[PDB]
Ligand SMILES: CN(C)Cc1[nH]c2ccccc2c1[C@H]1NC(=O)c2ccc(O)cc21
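Only one chain is included here, represented as structure tokens and corresponding to the form deposited without this ligand.
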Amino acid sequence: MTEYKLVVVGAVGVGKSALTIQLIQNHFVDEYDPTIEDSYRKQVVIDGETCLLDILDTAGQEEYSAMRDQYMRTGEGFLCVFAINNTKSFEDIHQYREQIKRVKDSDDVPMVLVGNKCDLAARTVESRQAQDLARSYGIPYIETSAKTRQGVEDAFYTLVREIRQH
């Protein structure tokens, strides 16, 4: 096995836990809506390689977390999540990427920009705008819905591939 340390970041309510839980769930527990940041594990085969993903579901910058800095030092790749119906969450992406750069002292950290809640008609962030932003960062952009499952595996596996290609 190869182990990957993934960190999910983004503003309050964008769907960080929903995404993480949807990926990692074994469905013994019907509904699980975590109230606190936590770490989860998932074994998956990605391109023939058996991967152990450790996924940290972080709190928004709005919440205090003592270990936030070490989380970013330990993290190998980051999913930067905003919601396509939440313009402020999109604008906040800059702050998450700056935090990661300040802590890791690097311009070249593996990351994927994730526009969540793509099941919703009430869109305020157009796909093209997010593609531009991801292009400016030199990272992939993937739209997801934790509710419909669209894009969820793709977002996480793309991040693993970014770590690999680093």
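The first residue of the shown sequence is 1; numbering continues from there.
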| item | value |
| --- | --- |
| Which of 145-153 and 12-20 has higher mean CA B factor, as the PDB entry lists it | 145-153 |
| 111-119 versus 130-138 - greater average Cα B-factor per the deposited record | 130-138 |
| CA B-factor ranking of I55, expressed as a third of its chain | lowest |
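What follows is about the form deposited with this ligand bound, which we do not show.
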item: Clash check, this ligand transplanted in the bound PDB entry by site C-alpha superposition, 2.4 Å backbone/C-beta; value: open
item: Contact test in the bound PDB entry: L159 vs this ligand, heavy atoms, 4.5 Å; value: no
item: Contact label in the bound PDB entry: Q129 to this ligand, heavy atom within 4.5 Å; value: no
item: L56, heavy atom within 4.5 angstroms of this ligand in the bound PDB entry; value: yes
item: Partner contact for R41 in the bound PDB entry: this ligand, 4.5 angstroms, heavy atom; value: yes
